[PDB]
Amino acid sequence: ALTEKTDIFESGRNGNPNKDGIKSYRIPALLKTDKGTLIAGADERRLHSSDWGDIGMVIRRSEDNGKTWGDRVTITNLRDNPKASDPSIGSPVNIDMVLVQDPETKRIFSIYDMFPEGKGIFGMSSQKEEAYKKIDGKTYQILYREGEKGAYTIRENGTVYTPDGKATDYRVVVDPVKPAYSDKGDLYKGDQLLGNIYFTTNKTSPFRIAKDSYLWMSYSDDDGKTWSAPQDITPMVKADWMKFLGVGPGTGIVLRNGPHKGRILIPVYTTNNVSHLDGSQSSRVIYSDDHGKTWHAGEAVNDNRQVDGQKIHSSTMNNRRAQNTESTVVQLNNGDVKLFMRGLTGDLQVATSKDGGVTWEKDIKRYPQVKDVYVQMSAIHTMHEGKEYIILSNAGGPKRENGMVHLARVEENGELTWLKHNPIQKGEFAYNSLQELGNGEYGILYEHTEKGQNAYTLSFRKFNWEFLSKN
């Protein structure tokens, strides 16, 4: 009814690197593809377990429904700053992925955060730096030069232009070719490599991008064996007021019914400049209506939301309990979209959209039957014996421990009745990602430690309806 765990990404022990030189794995994502393939994604956290540093976006493929797994495939790994004083924070950062496959074109997407060198979201400045500039209808990323106020631009072929629009001898590797694309951002003057635009300290080149939070996307057209170079989708979705914008990690969905069928939905969340992490974390989705070519930001669940008699907006809010952060997204048979959002109420918070994720209904439903200890969750739509269900997994608590797989029946109004709460993993348990495997079976890739393992080891289990409906 519930298989034993198979380890997919194994962290080191007792604060040490593993045999591959990796201290830590985190942030699982699991995807079943059109070919029946399982794709397991993770943060490869080389130097330590914290939310920054030298981190690669990696996947593994299984062609036998989770029995055996191939080699690690690295989607993206930016090279570290070799001259940084502190290697722990000495690398441009990728962190947190969402996986999803377009069911029509089969293109598989990995969408993830990017920061230049630093402590990621924990090192973002109080002051905004413009990251892009529109010129003659074209959007270019800005470079800043030491001692100059003006905005240089990275234009066609990675050629660097002056603030007044003159071409220079400098160029940016905007079409990386090295393994893991570790050359992306490399700054050249003609033949000579001088440094990297993603470096922030002890720089050897004169140029850096704006210190900000970024969103990147890589894709695969061959069942996840090979991946495109990173695409910077930030300017398509990030508002001027947005401070942080990152994914709510795990697995996204494609709407399968209603007038927006074919729309890809990716959970995200933002902070604003008023309260940042302290009172503005706000769930929403970005979506694509053209098979991943262009992206749009939906509205926040918190936009024009009523809280204690007064309205808030995600761009201006400062309210700790009204926050909603990482989320997981589900479409019902009636066309409604449900968003299960990590929050600070201690229990499950759910938003409902009726227009395919663009806007959200006035009331955030809370379900006290399912505990939320402030940690990522995942959820999937499912059918069984003619009825509609949602399967949701997260920590049962009180800490990030005692994993649960909860089961809800989908009622007529689109409301949820919680039926079952099944423990799946004693001990530590955190981020996780669910997928239907077919033939009444289900998959889960999740964070856990035993035997002194560094946080975390990412493990895989299978289960069926006897596990979901034990009494």
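Each residue number is its position in the shown sequence, starting from 1.
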Using the B-factors recorded in the PDB entry, average over the C-alpha atoms of 176-184 and of 357-365, then report which stretch comes out higher.
357-365
Out of 435-443 and 41-49, which stretch has the higher average CA B-factor listed in the record?
435-443
Highest Cα B-factor in the PDB entry belongs to which of 105, 376, 125, 318?
125
For the listed residues 196, 325, 382, 272, which one has the largest C-alpha B-factor as given in the deposited model?
382
Third of the chain's Cα B-factor distribution that residue 454 belongs to, per the entry
middle
Could you say whether, by C-alpha temperature factor, residue 140 belongs to the lowest, middle or highest third of its chain?
middle
Could you look up the Cα B-factor of residue 221 in the entry and say which third of the chain it sits in: lowest, middle or highest?
middle
Sorting by Cα B-factor within the chain, modelled residues only, which third would residue 83 end up in: lowest, middle or highest?
highest
Residue 427 - which third its CA temperature factor falls in, relative to the rest of the chain:
middle
